[PDB]
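This report concerns only the one structure given below.
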Amino acid sequence: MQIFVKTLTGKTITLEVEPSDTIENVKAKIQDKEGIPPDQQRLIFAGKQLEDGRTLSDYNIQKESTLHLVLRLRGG
Ligand SMILES: [Zn+2]
Ligand SMILES: [Zn+2]
Ligand SMILES: [Zn+2]
């Protein structure tokens, strides 16, 4: 299925995923796509911050949901 990701910048890249994909997997889908280390990504859905461990369905995300991307960076 498909969902979107809106970086703060306003940029909106869009991902193919599975309802039972871990967040870890998204973060991974982004690294191999924007080369941003998962361990620097943090992801938010409807104001909730999501956990490396739980799946999309856990958070009730569905086709064409927008997640916003924010970075943690304590390396610069
Ligand atoms: Zn998957
Ligand atoms: Zn990859
Ligand atoms: Zn939003």
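Here is how the numbers come out for the structure above:
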| read-out | value |
| --- | --- |
| Failed item, numbered, when residue 70 is tested on (1) in a strand (DSSP E or B); (2) under 15 Å from residue 3 (Cβ atoms); (3) among the hydrophobic types (A, V, I, L, M, F, W, C) | (2) |
| Flag if residue 14 is surrounded by fewer than 15 Cβ atoms within 10 Å (Cβ to Cβ), hydroxyl-bearing (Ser, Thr, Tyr) and either touching a helix residue (DSSP H, G or I) at 6+ places or on another chain (Cβ under 6 Å) or free of Cβ contacts under 8 Å to residues at least 60 places away in the same chain (or both) | yes |
| Residue that is nearest to residue 73 (Cα to Cα), among those in segment 5-51 that are polar (S, T, N, Q) and in a strand (DSSP E or B) | 41 |
| Cross-chain or 6+ apart pairs with Cβ under 7 Å, segment 33-47 first and without any contact (Cβ under 8 Å) to a residue 40 or more places away in the chain, then part of a loop (DSSP other than H, G, I, E, B) and away from ligand 1 (no atom under 16 Å from the Cβ) | 40/72; 40/73; 42/72 |
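All Cβ positions, even for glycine, are placed from backbone atoms using ideal geometry, and neighbour counts span all protein chains on display. Every number in this text was worked out from the coordinates using simple rules, so none of it is lab data.
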